Visitor: 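Before I ask anything, let me first share the structure, which is written out below as structure tokens.
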Amino acid sequence: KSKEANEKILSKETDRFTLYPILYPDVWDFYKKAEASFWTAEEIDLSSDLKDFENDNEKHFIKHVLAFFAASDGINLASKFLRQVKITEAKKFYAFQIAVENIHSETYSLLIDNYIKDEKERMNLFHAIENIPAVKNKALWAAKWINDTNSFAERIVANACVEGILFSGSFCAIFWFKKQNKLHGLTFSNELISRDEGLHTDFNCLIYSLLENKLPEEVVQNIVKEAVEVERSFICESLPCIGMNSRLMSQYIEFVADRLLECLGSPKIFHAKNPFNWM
Amino acid sequence: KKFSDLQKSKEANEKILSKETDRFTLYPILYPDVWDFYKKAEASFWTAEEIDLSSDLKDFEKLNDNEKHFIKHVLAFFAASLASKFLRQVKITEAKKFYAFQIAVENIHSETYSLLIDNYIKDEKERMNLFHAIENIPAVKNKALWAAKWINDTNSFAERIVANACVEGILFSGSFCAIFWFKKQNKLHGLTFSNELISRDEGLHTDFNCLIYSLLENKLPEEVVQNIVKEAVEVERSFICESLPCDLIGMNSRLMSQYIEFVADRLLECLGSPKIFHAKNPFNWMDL
Ligand SMILES: [Fe+3]
Ligand SMILES: [Fe+3]
């Protein structure tokens with residue numbers, strides 16, 4: 001797929017010297033939406049969630065999901081796509097996206113600081129996380145699918161999965177706590193973060209649709225099926241599922257994976273419906 | 001380059017250039033002043049959506065030909081005349097956050113200039129000619145030689161950060177000021193209002209680079225700091241009221257150089273150097 005280096009969105013825009021007129025109104029609308037959705041960690045009121053955080057099986061599940069969010073990913077890819085996509089509308093969106101991932105990361109840190117007041121507990125939790133069978137699986141999948149050896153199209157599809165598939169079970173877990181009306185700053189920041197992550201997903205699906213040379217159906221399905229297994233491996237397995245049904249969560253993960261496929265222009269492969277009408 | 005080769009050989013093990021190995025989370029905050037800058041930036045967030053140019057277009061059409069030509073060239077210079085590189089080079093989390101935010105904000109400045117240019121220069125052909133015309137002026141070529149000398153993969157980080165401070169602190173200082181000259185005439189509100197937002201952002205960017213420089217154990221010789229800064233002034237003087245003469249327009253070229261020298265001295269002393277120009281700010285409207 002790499003021999004197609006004649007892609008227009010991967011080609012330098014010599015003919016253009018300023019932003020207007022807008023050449024890609026649809027990718028520009030996504031930038032305008034991200035910009036208008038901007039929020040800071042300051043909007044999270046935490047005080048009334050530490051009294052609220054203070055059962056013991058829930059406490060344990062939360063500490064581990066926060067630690068996962070904060071520490072699960074190894075060694076930047078919004079920055080890669082910022083460098084290699086050439087259209088200004090797309091450069092703007094990826095650069096805004098790096099600053100929003102940073103707000104996400106800060107918000108998880110802040111949550112962590114509030115929930116685990118003890119620096120010793122917290123360091124112990126970060127070390128024991130950094131060895132989980134789900135953290136290793138993720139790194140294998142990234143190793144495989146986010147190479148400089150890979151095509152831009154495989155990388156864009158893999159990006160779509162990091163945004164739309166990975167973490168979707170932990171987002172769901174926290175939505176289950178919201179359905180229960182518990183832990184209000186966690187569930188509030190979770191719904192903002194999850195909202196951003198959905199925009200980031202549709203945006204890569206949009207970039208992928210600007211490509212004249214798309215992947216074979218089979219290759220898209222491989223990438224996605226594998227991201228599913230990585231995701232299966234955490235929220236009801238490496239960390240046991242405390243009032244949630246493990247099997248129904250597998251179906252929800254598979255449901256978001258099919259939805260991404262549709263979005264990437266491929267057939268569903270799981271045919272799972274959404275088990276949770278609360279999502 | 002003797003003073004540069006000794007500087008790099010020393011930055012081997014600068015704190016802020018060394019991986020945070022024993023850090024795993026943002027809290028507790030290890031650099032509270034770097035953090036404070038990030039929070040101020042983020043609290044300052046604004047977008048080009050807040051700029052409206054309807055009043056401006058009425059004003060612009062009343063302007064004489066000299067003033068229109070002056071405005072078009074200043075805009076075209078702003079539009080087309082490395083936070084991403086500092087993002088990667090500084091290793092501390094609070095600074096990385098600031099730099100990444102800075103990219104998004106500078107993108108907003110760029111969009112704002114694109115918007116101004118689309119409204120002020122509705123003709124696509126004259127725009128095209130404007131941009132082709134400025135790519136050639138000495139002032140752009142002066143800009144590029146200074147930048148090729150002081151910002152390269154060969155430099156010492158300390159050099160690059162003082163250059164970076166001049167880019168924000170000194171370059172465009174004259175065009176910012178010239179736009180405030182128009183505000184003083186109660187004209188072109190979109191232009192002057194987005195000008196104060198963007199000018200205020202560059203102030204914050206300048207001070208942050210001064211802070212970062214202060215976090216270095218190994219400082220540059222004052223003589224190197226002064227050369228960077230004198231050369232940047234010369235770059236800035238070569239455009240505003242030289243490549244684009246302002247006197248015909250009611251402005252004063254001689255006070256313009258004096259104002260740029262004032263800004264430069266304020267940078268040096270922010271970088272912990274003695275002033276070298278001793279120029280005072282000639283313009284009562286430029287901090288008021
Ligand atoms: Fe994201
Ligand atoms: Fe700046």
Side-chain angles (χ1 to χ4, degrees), chain A residues 2 4-5 7-11 16-32 34-35 76-98 100-101 141-147 150-166 197-217 219-224 226-227 257 259-267, chain B residues 80 84 103-104 107 110-111 114 128 131:
Chain A
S2 207
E4 298 80 304
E7 290 284 1
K8 292 221 144 60
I9 76 166
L10 274 30
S11 281
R16 145 193 239 185
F17 31 81
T18 191
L19 177 63
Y20 295 105
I22 296 303
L23 299 186
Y24 295 96
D26 56 335
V27 2
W28 190 240
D29 285 345
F30 266 95
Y31 174 72
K32 287 287 166 183
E35 180 182 80
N76 82 359
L77 48 46
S79 282
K80 270 181 68 142
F81 294 120
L82 172 42
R83 170 182 8 94
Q84 72 201 199
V85 180
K86 302 294 145 144
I87 55 154
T88 306
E89 293 89 339
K91 290 203 174 307
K92 284 180 148 54
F93 180 98
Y94 286 122
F96 196 79
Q97 175 185 343
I98 291 148
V100 345
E101 320 290 46
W141 175 93
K144 186 196 170 180
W145 283 121
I146 326 163
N147 285 194
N150 290 317
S151 45
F152 172 86
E154 289 165 309
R155 285 193 303 254
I156 277 305
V157 170
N159 211 40
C161 306
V162 341
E163 300 304 300
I165 292 160
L166 307 183
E197 295 292 75
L199 195 77
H200 298 159
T201 292
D202 300 340
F203 178 77
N204 296 300
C205 298
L206 174 64
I207 294 315
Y208 185 74
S209 82
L210 288 168
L211 255 25
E212 210 171 355
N213 302 108
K214 276 179 202 182
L215 259 20
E217 204 154 292
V219 167
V220 175
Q221 293 180 346
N222 288 337
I223 305 171
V224 174
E226 306 186 347
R259 186 178 70 188
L260 191 58
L261 289 169
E262 283 175 48
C263 208
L264 291 163
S266 281
Chain B
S84 185
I103 294 155
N107 286 353
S110 184
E111 176 188 344
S114 290
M128 213 214 291
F131 285 120

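Both backbone and side-chain heavy atoms feed into the values below; hydrogens, waters and symmetry mates do not. Proteins come first, then strands; the chains are lettered A, B, ... in the order of their sequence lines, and each starts at number 1.
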Visitor: Over all heavy atoms of both residues, which pair between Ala5(A) and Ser11(A) is shortest? Give the atoms and the distance, please.
Guide: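 Heavy-atom minimum between the residues: O-OG, 4.1 Å.
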Visitor: Is there a donor-acceptor pair closer than 3.5 Å between any side-chain N or O of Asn150(A) and the backbone N or O of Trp145(A)?
Guide: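 A pair under 3.5 Å: yes.
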Visitor: So, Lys91(A) side chain and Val85(A) main chain: donor-acceptor pair closer than 3.5 Å or not?
Guide: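 Side chain of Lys91(A) to backbone of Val85(A): a pair is present.
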Visitor: Roughly how far, to the nearest 0.5 Å, is the CD atom of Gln84(A) from the CG atom of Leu10(A)?
Guide: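 Rounded to the nearest 0.5 Å, the CG-CD separation comes to 6.5 Å.
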Visitor: Which atom names give the shortest non-hydrogen contact between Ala227(A) and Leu166(A), and what distance separates them?
Guide: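 Minimum heavy-atom separation between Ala227(A) and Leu166(A): O-CD2, 3.6 Å.
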Visitor: Compare all side-chain heavy atoms of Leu215(A) with those of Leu264(A) and state whether any distance is below 4.5 angstrom.
Guide: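 They are not in side-chain contact.
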Visitor: Just how far is it from atom CZ of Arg16(A) to atom OG1 of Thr88(A), taken to the nearest 0.5 Å?
Guide: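 The OG1 atom of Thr88(A) is 4.0 Å from CZ of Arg16(A), to the nearest 0.5 Å.
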Visitor: Could you point out which residue of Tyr24(A), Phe152(A), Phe81(A) forms a side chain to side chain contact (heavy atoms under 4.5 Å, CB included) with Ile207(A)?
Guide: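 In the set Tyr24(A), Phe152(A), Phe81(A), the residue that makes a side chain to side chain contact (heavy atoms under 4.5 Å, CB included) with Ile207(A) is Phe152(A).
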Visitor: Supply the atom-to-atom distance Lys92(A) NZ to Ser110(B) OG, rounded to the nearest 0.5 angstrom.
Guide: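 It comes to 4.5 Å.
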Visitor: Would you indicate whether the side-chain heavy atoms of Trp28(A) and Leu19(A) approach each other to under 4.5 Å?
Guide: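 When only atoms from C-beta onward are counted, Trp28(A) and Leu19(A) do touch, with a gap below 4.5 Å.
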Visitor: Atom CD in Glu35(A), atom NZ in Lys32(A): separation rounded to 0.5 Å?
Guide: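 If we round to the nearest 0.5 Å, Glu35(A):CD and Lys32(A):NZ are 4.0 Å apart.
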Visitor: Is any side-chain heavy atom of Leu261(A) closer than 4.5 Å to one of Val224(A)?
Guide: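 Yes, side chains in contact.
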Visitor: In Å, rounded to the nearest 0.5 Å, how long is the span from CD of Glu163(A) to CG of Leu77(A)?
Guide: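 Separation between the atoms: 7.0 Å.
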Visitor: Any donor and acceptor pair, going by atom type alone, linking the side chain of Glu89(A) with main-chain N or O of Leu23(A) inside 3.5 Å?
Guide: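 Indeed, once roles are kept as given, a pair shorter than 3.5 Å links the two residues.
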Visitor: Step through it carefully: locate the ring centre of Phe203(A), locate the ring centre of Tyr31(A), and say whether they are under 6.0 Å apart.
Guide: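 No, the ring centres sit 6.0 Å or more apart.
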Visitor: As a quick check of understanding, evaluate side chain to side chain contact (heavy atoms under 4.5 Å, CB included) for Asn159(A) and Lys80(A), giving each step before the final call.
Guide: CA-CA 11 Å; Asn159(A) 211 40; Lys80(A) 270 181 68 142; over 6 Å; no
Visitor: Any donor-acceptor pair under 3.5 Å linking the side chain of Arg259(A) with the backbone of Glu262(A)?
Guide: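 Checked: no pair found.
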Visitor: Answer yes or no: is there a donor N or O on one side and an acceptor on the other, between the side chain of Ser209(A) and the main chain of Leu206(A), under 3.5 Å?
Guide: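 Yes, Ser209(A) side chain to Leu206(A) backbone: donor-acceptor pair under 3.5 Å.
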Visitor: To check you understand the geometry: which heavy-atom pair defines the closest contact between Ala90(A) and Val27(A), and what is its length?
Guide: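 That would be N-CG2, 3.6 Å.
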Visitor: Report yes if the side chains of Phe96(A) and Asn107(B) come closer than 4.5 Å at any heavy-atom pair, otherwise no.
Guide: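 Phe96(A) vs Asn107(B): side chains apart.
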Visitor: Indicate the atoms forming the closest heavy-atom contact of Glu154(A) with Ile223(A), along with that distance.
Guide: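 Scanning both residues, the minimum pair turns out to be O-CD1, 4.0 Å.
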Visitor: Does a side-chain heavy-atom distance below 4.5 Å link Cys161(A) with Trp141(A)?
Guide: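 The answer is yes; the side chains approach within 4.5 Å.
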Visitor: At their closest point, which heavy atom of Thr201(A) faces which heavy atom of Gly164(A), and how far apart are they?
Guide: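 The answer is OG1-N, 3.0 Å.
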Visitor: For the residue pair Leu199(A) and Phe93(A), establish whether any side-chain heavy-atom pair is separated by less than 4.5 Å.
Guide: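 The answer is yes, as the side chains (C-beta and beyond) meet within the 4.5 Å cut-off.
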Visitor: Does the side chain of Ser151(A) come within less than 4.5 Å of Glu4(A)'s, by heavy atoms?
Guide: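 Sidechains of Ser151(A) and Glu4(A): no contact.
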Visitor: Within a strict 4.5 Å, meaning less than it, do heavy atoms of the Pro267(A) and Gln221(A) side chains meet?
Guide: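 The answer is yes, as the side chains (C-beta and beyond) meet within the 4.5 Å cut-off.
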Visitor: For the atom pair CG (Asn204(A)) and CD1 (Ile156(A)), what is the distance rounded to the nearest 0.5 Å?
Guide: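 The CG atom of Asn204(A) sits 4.5 Å away from the CD1 atom of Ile156(A).
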Visitor: Mark yes or no for whether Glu7(A), through its side chain, and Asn213(A), through its backbone, hold a donor-acceptor pair below 3.5 Å.
Guide: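 Yes, because the side chain of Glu7(A) sits within donor-acceptor range (under 3.5 Å) of the backbone of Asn213(A).
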Visitor: If I compare all heavy atoms of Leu260(A) with all of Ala160(A), which pair ends up nearest, and what's the gap?
Guide: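 Looking at all heavy atoms of both residues, the shortest contact is CD2-O, 3.5 Å.
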